[PDB]
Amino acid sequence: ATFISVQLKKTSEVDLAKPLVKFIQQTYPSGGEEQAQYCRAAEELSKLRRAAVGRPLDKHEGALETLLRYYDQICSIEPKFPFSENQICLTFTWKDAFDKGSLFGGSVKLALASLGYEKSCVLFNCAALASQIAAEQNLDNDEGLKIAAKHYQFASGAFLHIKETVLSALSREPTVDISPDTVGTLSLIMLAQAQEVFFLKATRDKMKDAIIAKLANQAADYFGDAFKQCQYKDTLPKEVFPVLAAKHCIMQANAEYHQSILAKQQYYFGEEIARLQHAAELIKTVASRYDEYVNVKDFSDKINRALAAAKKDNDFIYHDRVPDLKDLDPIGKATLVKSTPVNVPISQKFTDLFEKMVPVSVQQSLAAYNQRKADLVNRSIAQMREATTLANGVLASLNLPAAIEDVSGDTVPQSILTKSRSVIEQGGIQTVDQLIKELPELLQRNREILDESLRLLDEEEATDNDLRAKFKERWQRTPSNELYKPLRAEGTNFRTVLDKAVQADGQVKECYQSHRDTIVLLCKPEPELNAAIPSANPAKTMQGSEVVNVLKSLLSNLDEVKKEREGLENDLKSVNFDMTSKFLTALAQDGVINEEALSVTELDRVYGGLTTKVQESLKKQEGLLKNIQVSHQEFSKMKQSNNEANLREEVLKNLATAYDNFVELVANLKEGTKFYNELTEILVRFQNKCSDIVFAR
């Protein structure tokens, strides 16, 4: 007794472990735990593929579960490591199952850089192995029937998921064995054979002839359609074709023999004979043309016995007329069977080794959220500094707030005195002088490292080239040159960063020495500074003039505005929203993540409160400045211009310009310092990447 099954596909073994490990690490903090269980698992994945595929050997649900275990893992991994972003050189290689192509060869292989191909083949192998476990079952037994019926339905379904999967996944022309048509015929053969089994159960349980006829008819339909699909495409092993033919016929004959007992029960004797006669024919033909592939004797003996007896009873007793087949009513059909849908996990006891790993669909979303947060926050900071710079400059250019706290021309206007004591407290000129002094040294410290590093590479290369020169035979590894170009290109990059930093140092030095002398003035004790400021007679009617109080309250409010920018910049900076979860959600509930629109709305709930105010700050400045210059220009027409207060005037404006510069310089200087300090960090790692690669090589 003989059922069709499919042979597995052969693969060459590949290293899964290590092209995955490259991404794993280049994505996570090297040496941490979020990488510990991700290299331990990737090796256990490479192991698993080996046991799943590495040998066409084992032949039970020991080895099937291993394959199913493998399919489930291979599917769980696709939404991680960027497969859908072709850069991983994991190339999978399978051979046709049947030794088939669309040319007259004797085998054909196909290697592809796609997980989609990998998974189509594994499933085909899951289906084929299932087909083999099913065809082996002892069908006299209830566990036998149950297991055949379940595996055939599994196989049919696995083959059909392939039919619907292949072309969209695999971006090439597949081998014949996994093409839609082949795999669609295989699916139907498996479905047919599942019916066959349900027919055999019903027979064994002695169910009604009505039921049995209909199950057999249905099997016959299924084998027929499969036969037809085979008739003009020879893409299956040569034995599939005759065997479908015989099974179709046997199924028809089984259908008729049962329908014929039913007719005898209803006393349609001519009919019984007509159906018996058709069964005898089908079996006669089967026995003689498909002997090789079937045994049909018992059935044939039983048909003949029924036929002789029915003809005896008829010829002598009943005298019923025997109809032509065309006038017989169709036997009905009953399927009891379905293609099993494929829904991972298809394996018992499944656990996703890499469950913890975050989907790439999120990484890209999470990293691209940052570059929109950054763009929003920096943008807003910059606008605000650019505005404060401009206001302070305009104020200076109009001697404000100095001019209105300037009772006589005799003392240090309160504001200047505040700014002075402010300068003196922050350390005065020493704090700017000491930061200028150490800047060439932080530059030099970073040059040292870049150079010590590349010279390592140079020295090692000089000798590798000499060893190749003098020991041709004994010394052959890829030259240092090639191994080193990646590092050396980081090298020339760093160089560019240094050249920009030097230019930046240039701007700060020139500014610093362009503004030193005045700053030094501002830092003097109160009377010493008062002596150095020229005195003037005041324009005395500045008692309580309306232009003065207006300017005053307007300055109080411009002040207000700029002191508020500090707490804005701090709230802009001190908050953030972790977005992972929002993406995780949008991925689980919906199909994909669209961060574009999902971030724009969250950036608005998080930052909108502050971005609103930042804009309200600028317009409020523009407002306050427009009607301060008009209010000033009128103020000046009230306080005349002579030499003694022009002199006081410039010194005053220049002392205010001096305050701005000190504050700005400290900030540029500290920025330079921080930069040169973070840069040493980056360059020490680079120094070690260099020495490690000279110590390995």
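Note that residue numbering begins at 1 and tracks the sequence as displayed. Throughout, rigid core stands for the largest set of C-alpha atoms superposing within 1.5 Å between the two forms.
The rigid core fit leaves 538-546 as the farther-lying stretch in 4 other deposited structures of this protein, judged by Cα positions and set against 538-546 and 587-595. Relative to the shown model and aligned on the rigid core, the C-alphas in 4 other deposited structures of this protein deviate most, among 152-160 and 82-90, for 82-90. If you average the C-alpha B-factors over 191-199 and over 507-515, the higher value belongs to 507-515.
On average the C-alpha atoms of 77-85 have higher B-factors than those of the other stretch, with 77-85 and 463-471 being the two compared. The top Cα temperature factor in the record, among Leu64, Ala645, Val651, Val666, falls on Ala645. Among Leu443, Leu457, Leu551, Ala391, the highest C-alpha B-factor recorded in the PDB entry belongs to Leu551. The PDB entry assigns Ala658 a C-alpha temperature factor belonging to the lowest third of its chain's modelled residues.
In this PDB entry, the Cα temperature factor of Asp571 sits in the middle third of its chain's modelled residues.
Sort the modelled residues of the chain by CA B factor and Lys109 lands in the highest third. Annotation for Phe223: CA B-factor lies in the lowest third of the chain's modelled residues.
Sort the chain's modelled residues by C-alpha temperature factor and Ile4 lands in the lowest third, per the entry.
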